[PDB]
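**Student:** quick one: initial chain(s) of a complex, as found there:
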Amino acid sequence: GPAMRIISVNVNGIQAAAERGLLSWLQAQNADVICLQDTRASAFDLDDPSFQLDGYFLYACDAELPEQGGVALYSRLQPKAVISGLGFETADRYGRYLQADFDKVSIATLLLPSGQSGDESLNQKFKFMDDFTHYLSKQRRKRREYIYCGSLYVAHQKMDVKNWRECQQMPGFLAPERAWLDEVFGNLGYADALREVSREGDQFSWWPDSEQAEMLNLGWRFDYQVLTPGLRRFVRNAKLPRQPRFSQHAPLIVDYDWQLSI
Amino acid sequence: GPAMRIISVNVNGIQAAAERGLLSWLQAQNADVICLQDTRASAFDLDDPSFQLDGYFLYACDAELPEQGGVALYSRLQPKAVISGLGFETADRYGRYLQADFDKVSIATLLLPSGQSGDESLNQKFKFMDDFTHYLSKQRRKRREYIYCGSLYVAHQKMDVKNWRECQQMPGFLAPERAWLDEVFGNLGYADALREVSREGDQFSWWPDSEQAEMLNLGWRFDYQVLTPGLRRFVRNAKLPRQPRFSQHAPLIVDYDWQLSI
Amino acid sequence: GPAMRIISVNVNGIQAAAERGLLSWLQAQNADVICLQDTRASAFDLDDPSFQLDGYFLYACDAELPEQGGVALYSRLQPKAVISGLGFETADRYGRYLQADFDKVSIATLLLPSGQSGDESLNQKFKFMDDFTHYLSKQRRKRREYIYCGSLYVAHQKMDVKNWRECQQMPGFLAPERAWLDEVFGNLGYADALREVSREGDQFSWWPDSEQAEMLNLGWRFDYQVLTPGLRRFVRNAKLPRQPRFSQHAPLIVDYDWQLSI
Amino acid sequence: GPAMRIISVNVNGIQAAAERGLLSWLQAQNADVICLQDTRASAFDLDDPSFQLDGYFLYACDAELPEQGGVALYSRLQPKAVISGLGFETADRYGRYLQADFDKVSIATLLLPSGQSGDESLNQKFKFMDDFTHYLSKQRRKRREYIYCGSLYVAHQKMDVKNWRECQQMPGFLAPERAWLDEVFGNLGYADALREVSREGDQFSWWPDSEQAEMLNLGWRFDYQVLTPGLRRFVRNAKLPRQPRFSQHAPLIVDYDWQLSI
Amino acid sequence: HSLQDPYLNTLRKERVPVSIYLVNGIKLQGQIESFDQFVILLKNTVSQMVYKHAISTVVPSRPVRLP
Amino acid sequence: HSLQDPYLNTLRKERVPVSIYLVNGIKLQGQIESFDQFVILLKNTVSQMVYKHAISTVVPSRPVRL
Amino acid sequence: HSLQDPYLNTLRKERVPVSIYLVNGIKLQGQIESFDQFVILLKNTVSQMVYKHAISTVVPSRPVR
Amino acid sequence: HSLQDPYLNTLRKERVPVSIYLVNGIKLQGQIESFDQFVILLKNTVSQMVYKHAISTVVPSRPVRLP
């Protein structure tokens, strides 16, 4: 009877993925909420009628330097409240969070610094992870449910990477990073929506632009749908489509038993 | 579509409450799992066909000297596993816990020392409260869903009692007791099944045998259905029937959106 | 590393102790908070610069009849607030409480009647102890941290004072006076600054004016620091120096790891 | 109240310290754990029953050339285990490690090469420091708490050495020697027992054998106790007595709040 | 209202995103579309009126200053 | 009252289902029958009267125009 | 003044068991003895003097007017 | 105020012990000694001055009528 579908694809710039055919693909998937991260465009560029899917409301948060971040959210129904930012500096200024607010649930798009640039990016990533855990500690006192659709750029465990014995020193599989993820999923009660149904290997999300990596499936799993503990039993079907790619990232399509309302 | 009904009535002796017509009432309520606490009978005494409902499997955990505890469970489907005892001394010896394990969920029955006898009963109650909070802290990490149908004999909130300004010294509304139920529901993430549906006053469970408290509704709310956080959104209809009672306690009928399996 | 110095001394008269060299020793400590108990002096008597310490702000609370008691508090840090009186009759007419409120912490000097000059002072001390227990039970629910530099004139338990076997019925080591402290440091959950860095006896803070108490050490231990349970970890150094003392009581020097700010 | 007594002493030869009165002073301490660093003697030399003390148990690890190092361990309590050597080259044949395993806790006497008698000892010291950091990173996944009574021969910050401006290039306060401890106490995050009761300098643990160094206090601080996270609050009393000293180093005594059990 | 309404008019005129902290502590993002003596409209997705006696503070998100 | 009255009259005449959030935080929801300088009459199962000094926000379900 | 006087006078004279919800969210069941500007007398065993400025809603228990 | 002042003056002259409830739910007890337009003077072991813009209800302990 009731069903909901959330797609949280990362686009690596919305114009390049729109040239590679994102919007005509997203129009034909019947998603309730589409959660785009790393938009790389200001909000004055997304009210262009090329980015506008029909039957969808597009809400967008920009960065202060528009190539640095950017985040968008397509919604079937008009939400109760669309808010932006988290409060701390490495999220609010650089456009890495946007929260749509519905009847009982709320759906939040989330972007992170990748950490794969240098050591300054890794320090910014670690302070983002700590301040975001400080935010998530305060969220357990409220009753509005949350769905954080986030390109976290961090793998969780050894099944989420290929050949983990040669990945322990690259950013994305570090020991404080995996400590952060199993502190969020483990002790804070939050749930990975892709692992609540499909407990299988060889489900990857990110690939480097080397074609030999793409040919032999040398992948990573970076984007997640993090769920508040009340929503772990509603996950019907979570899947990462391997083939129809539009960036370095693959989409994440999760089908819930929830009935989304205003 | 799918539905489930759980009744958690406290009987103060199954032989004294069966004379007042409990079983002919429970046969005509269409309950999936009936959760009887304070049976005051051995497991050999529930073996006769006088307590046997039809279409219900009856599993019972007795006390050693039978008049102190005793706990029973009627089940529509035969559960996967019926286990007894928590693991410490003030539960396993006196028959205050029984657990029926089903497909994804597991429905439990919980009895407490009332604490209204004297000071030894209040010390035993505080020991049980701390050891059961340790049990919940151990069971928070497990992937089952629990439904603790418990006559806790502790009011949580000022709305759960009538005229609280002279109840702060009676056991049932103490400050360590309300701090205990503020610890279980507040920081441990557990949910009260009666407070998810109804957020109104004048919903009471226990009444002392003085009739002056009875006809003017000078009551208490003692028995709860404590829920793991995954089940806080399935709770459709929770209600305490005022009139057709069969002991000092009123029954607690909670209807869930869950579909109970084997 | 933080370093906060609180010196609590029961001077038995500020004029009777200043002739022994009180101010000249207290000026060369760089103490943050000075708690003077039992000053026997009015507020106008402390106004002259003979009792003043230069650079230290002074706030004092006297008695109505100034020969009975009164406390004083020095701090070079001007506090957010300072309050006098606990909130009942037999504390405001004596100058037996003075609480300086800084941010995140409060430091309160406290005086008690001796109770050794007849049964009327013992019954008044019992009244003071009972409604002071009521006051602490009220102040438990507040958030901010408290420090009570108190001359309780009561020992806690059996191994506290020397030759206790004849001290069973003298006022100061009675049965309800020990019941008071084992329920305050029991259910009410407070702690001491001297116990966390010194878990033994043979260190006292009260000697009668006699040469056998000067040499053979007939000592009692009265000047305490009662802590809320969110401050017992930061206790670093506690000092009861014997000969350097200008009154019957033994000066108490404590050093915490707290940063005392405005 | 718990009281566990651990002494870390660096003897520069146990006979050269025993001729000054090491054994007669240590026999009247009633210490639970004795860590003799740089014993400069074989195991058969410690089979002399003079070194056998009042009920202490001996465990010692020597070198190939025994004057190059060697550590020893005295304990009243017979441990669960005693292990020698970390597992690499420059620690096993030099006798530079001995770990006693009790229940829930372990102590470990540790010795480092000085690095001041030729640059080959300096490169040996850098090798030892690097694979010691690798060993600590291997040990971070384990549960049980470790105590490392060790002479690291390195200072940590600016507040640690005397005559600051020309100590930049001497072996002992170098730049990568400092960086080793600032990622150990930084990103890795261990703790120091000498800091947790004294966050101020002007206290050293090594003096060069010259009149100006022992008169005008030209000292360096070497004997440390490195603590895992988990043992950071239990330290109470760390004393470095100056004149009572049987080597160029200073004897260290500490008292922890721990119940040392077999 | 000598100083209350060059401020809200400046927030309306430049479409500055504001956060209205109520006396509950509920913070409401939006942008000021109209205001009388008593109420203020904010327009996040659905336009709504907010009574000024329930408003504690009105902050902007980027620094604007008065005429 | 330059803007108080036509917004509530447009919610009243169009019979828009409206939601009133109080200063406590309580979400009342119904329809506006009538109002004055001090109260809103709210239509549901039974007609409440809500004082304007407790109303924090008034939120329509469908948007309205002056 | 306006609509609240006709409203409350009906609840008096048809004697309706009202429920007054305060600003801090506390329901007071009972009847209305009388009122003027910023008072309501709430009728129970003991007649209360409830200030109007501390009232959020007046909720009848039976549909009226 | 055409029915406030007779009620408070009848509560004062007969000296009924009251339970005056505040807007944050705090019960105060004592008896009424003086009422102005803005204040009410509760009396107990001391004499307070409560403000009428913080009072929710005024509850006497014994039932009285109105002259």
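**Tutor:** Noted; the coordinates are in hand. Numbering: from 1, shown residues only, chains lettered A, B, ... in the order given.
**Student:** What about the residue of chain A found nearest chain F, how many residues nearby?
**Tutor:** Nearest residue of chain A to chain F: residue A:262, at 7.7 Å (Cβ to the nearest Cβ). No exception for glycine: its C-beta is placed from N, CA and C like everyone else's. Per other Cβ atoms under 10 Å in any protein chain shown, the neighbour tally for residue A:262 reads 10.
**Student:** quick one: what helix or strand has it in it?
**Tutor:** Assigned by DSSP states H and E, residue A:262 falls within no helix or strand.
**Student:** I'd like to know how far it sits from residue A:77.
**Tutor:** Taking Cβ to Cβ, to the nearest Å as the measure, residue A:262 and residue A:77 are separated by 6 Å.
**Student:** Which residues are in contact with the residue of chain A closest to chain F?
**Tutor:** A:77-80, A:102-103, F:61 (Cβ atoms under 8 Å, 6 or more residues apart in numbering or on different chains).
**Student:** Most neighbours among the residues you listed, please name it.
**Tutor:** Highest neighbour count within those, by other Cβ under 10 Å: residue A:79, with 24 neighbours.
**Student:** okay but that residue is in contact with residue A:98, surely?
**Tutor:** No. Checked against Cβ atoms under 8 Å, the pair residue A:79 and residue A:98 is beyond contact range at 10.7 Å.
**Student:** Quick check: phi and psi on the residue of the stretch 101-250 of chain A found nearest chain C?
**Tutor:** Per Cβ to the nearest Cβ, residue A:141 is where the stretch 101-250 of chain A lies closest to chain C, at 15.9 Å. When read as degrees, to the nearest 10, the backbone of residue A:141 gives phi -90, psi -10.
**Student:** can you count the residues close to it?
**Tutor:** When neighbours are defined as other Cβ under 10 Å, residue A:141 has 8 of them.
**Student:** let's put chain I on the structure above:
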Amino acid sequence: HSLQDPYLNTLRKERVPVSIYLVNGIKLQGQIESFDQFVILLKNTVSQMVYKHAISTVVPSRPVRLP
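**Tutor:** Putting chain I onto the chains we already have gives this:
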């Protein structure tokens, strides 16, 4: 207006240490420097300014007498 101002003036003359209880339960001890009908100053170590609409009660510590 006839009764608030003499009470506050009488608490100002004798410099009695008073406690202002605010509408959320916060007590503030001190002495009363001066006041108007919207504002009351308070003498602690710091000198602060209190608004009268956030004041619930003003209690003294000594029993005071009105003229």
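**Student:** now with chain I: the contacts of residue A:262?
**Tutor:** Applying Cβ under 8 Å, 6+ apart, the residues near residue A:262 are A:77-80, A:102-103, F:61.
**Student:** Out of the residues you listed, which comes closest to residue A:232?
**Tutor:** Of all the contacts of residue A:262, the one with the least separation from residue A:232 (Cβ to Cβ) is residue A:102, at 18.4 Å.
**Student:** how near is that closest one to residue I:65?
**Tutor:** 62 Å.
**Student:** what comes up buried for stretch A:149-161?
**Tutor:** A:149-156, A:160-161 (16 or more other Cβ atoms under 10 Å in any protein chain shown).
**Student:** Turn the residues you listed into TSV, columns for secondary structure and distance to chain G.
**Tutor:** Formatted as TSV, those follow (DSSP: H, G, I helix; E, B strand; the rest coil; distance: Cβ to the nearest Cβ, whole Å):
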residue	secondary structure	distance to chain G
A:149	strand	35
A:150	strand	37
A:151	strand	42
A:152	coil	40
A:153	coil	45
A:154	coil	43
A:155	coil	47
A:156	coil	43
A:160	coil	47
A:161	strand	52
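**Student:** so which of the residues you listed comes closest to chain B?
**Tutor:** Checking the buried residues of stretch A:149-161 against chain B by Cβ to the nearest Cβ gives residue A:156 as the nearest, at 16.5 Å.
**Student:** Provide a list of residues in contact with the closest one.
**Tutor:** A:178, A:181-182, A:185, A:192, A:221.
**Student:** Residue numbers of chain A in contact with chain F?
**Tutor:** Taking Cβ under 8 Å from any Cβ of the partner chain as the contact definition, chain A meets chain F at residue A:262.
**Student:** Tell me where chain A has strands.
**Tutor:** Using DSSP state E, the strands of chain A run over residues A:4-7, A:33-37, A:57-61, A:71-75, A:81-84, A:97-101, A:105-111, A:145-151, A:191-192, A:223-227, A:235-239, A:253-256.
**Student:** okay, chain J goes in next:
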Amino acid sequence: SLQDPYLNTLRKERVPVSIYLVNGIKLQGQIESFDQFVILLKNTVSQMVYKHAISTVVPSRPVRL
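**Tutor:** To build on what is shown above, here is chain J added in:
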């Protein structure tokens, strides 16, 4: 009135005041301006604070009138 001379003394001396609101929120900063209904607190971003939401105003250094 002492309210507006007090706020003028806080502004012209530029004292880092702390405004405590009626629900407990503490807000540090300096004052830009004030009206009958509003104070303005200047910081990283300048904000308006309605006057009916303020419990107290506390200066940092002890100033005179």
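**Student:** What about the contacts of residue A:262 again, now that chain J is present?
**Tutor:** Residue A:262 neighbours (Cβ under 8 Å, 6+ apart): A:77-80, A:102-103, F:61.
**Student:** quick one, phi psi at residue E:4?
**Tutor:** Residue torsions, per degrees, to the nearest 10, at residue E:4 are phi -70, psi -30.
**Student:** Could you double-check that it sits in contact with residue J:38?
**Tutor:** Yes. Here residue E:4 reaches residue J:38: they are 5.1 Å apart, a contact under Cβ under 8 Å.
**Student:** start to end distance for stretch A:72-79?
**Tutor:** 14 Å (Cα to Cα, to the nearest Å).
**Student:** That stretch and chain E in contact?
**Tutor:** Yes. Counting by Cβ under 8 Å from any Cβ, chain E has neighbours in stretch A:72-79: A:78-79.
**Student:** buried ones in stretch A:59-77?
**Tutor:** A:59-63, A:66, A:69-76.
**Student:** Pipe those residues into CSV and attach distance to residue C:231 per row.
**Tutor:** Formatted as CSV, the buried residues of stretch A:59-77 follow (distance: Cβ to Cβ, whole Å):
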residue, distance to residue C:231
A:59, 48
A:60, 49
A:61, 43
A:62, 47
A:63, 44
A:66, 50
A:69, 43
A:70, 47
A:71, 44
A:72, 49
A:73, 47
A:74, 52
A:75, 50
A:76, 54
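**Student:** Same list (the contacts of residue A:262) but as a markdown table, adding distance to residue A:117.
**Tutor:** Formatted as a markdown table, the contacts of residue A:262 follow (distance: Cβ to Cβ, whole Å):
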| residue | distance to residue A:117 |
| --- | --- |
| A:77 | 38 |
| A:78 | 37 |
| A:79 | 33 |
| A:80 | 37 |
| A:102 | 35 |
| A:103 | 40 |
| F:61 | 47 |
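**Student:** Please enumerate the helices of the stretch 151-262 of chain A.
**Tutor:** Assigned by DSSP state H, counting those that start in this stretch, the helices in the stretch 151-262 of chain A fall at A:175-184, A:211-215.
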